[PDB]
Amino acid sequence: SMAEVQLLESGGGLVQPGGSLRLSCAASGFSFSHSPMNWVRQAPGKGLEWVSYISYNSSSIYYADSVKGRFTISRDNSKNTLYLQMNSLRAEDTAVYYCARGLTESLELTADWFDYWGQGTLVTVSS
């Protein structure tokens, strides 16, 4: 009776500094329309770094300081899709970008990978 949670990140790849990418995540296996969503990135050695947050109805939206003015989060609940528009890309933005499902109350992630995290999509900005 329990449906398996699925988060499939798309987009990303290799581009030069000043370049632009559009990330997407298709969701299924939970009520996406009632879930706050996130983009979280990670380079090897370095820890997980949260990028952007968006409430279920898009009324609340936040960004990491490092991405403010460059990245834009959005969602489409009828299509169960999360988006991230990445502009003015720089070498520091190189990482695996995961779509992370947030806990319903007050800006929180969870380490339940299977139920709340995708497999990620790679973004690389050249030297």
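One-based numbering along the sequence shown.
- Per-chain ranking of the deposited C-alpha B factor places residue 20 in the highest third.
- Remark: residue 85 belongs to the middle third of its chain, ranked by C-alpha B-factor as recorded.
- Among all modelled residues in its chain, residue 95 ranks in the lowest third by Cα B-factor.
- Annotation for residue 41: CA B-factor lies in the lowest third of the chain's modelled residues.
- In this PDB entry, the Cα temperature factor of residue 74 sits in the bottom third of its chain's modelled residues, the lowest group.
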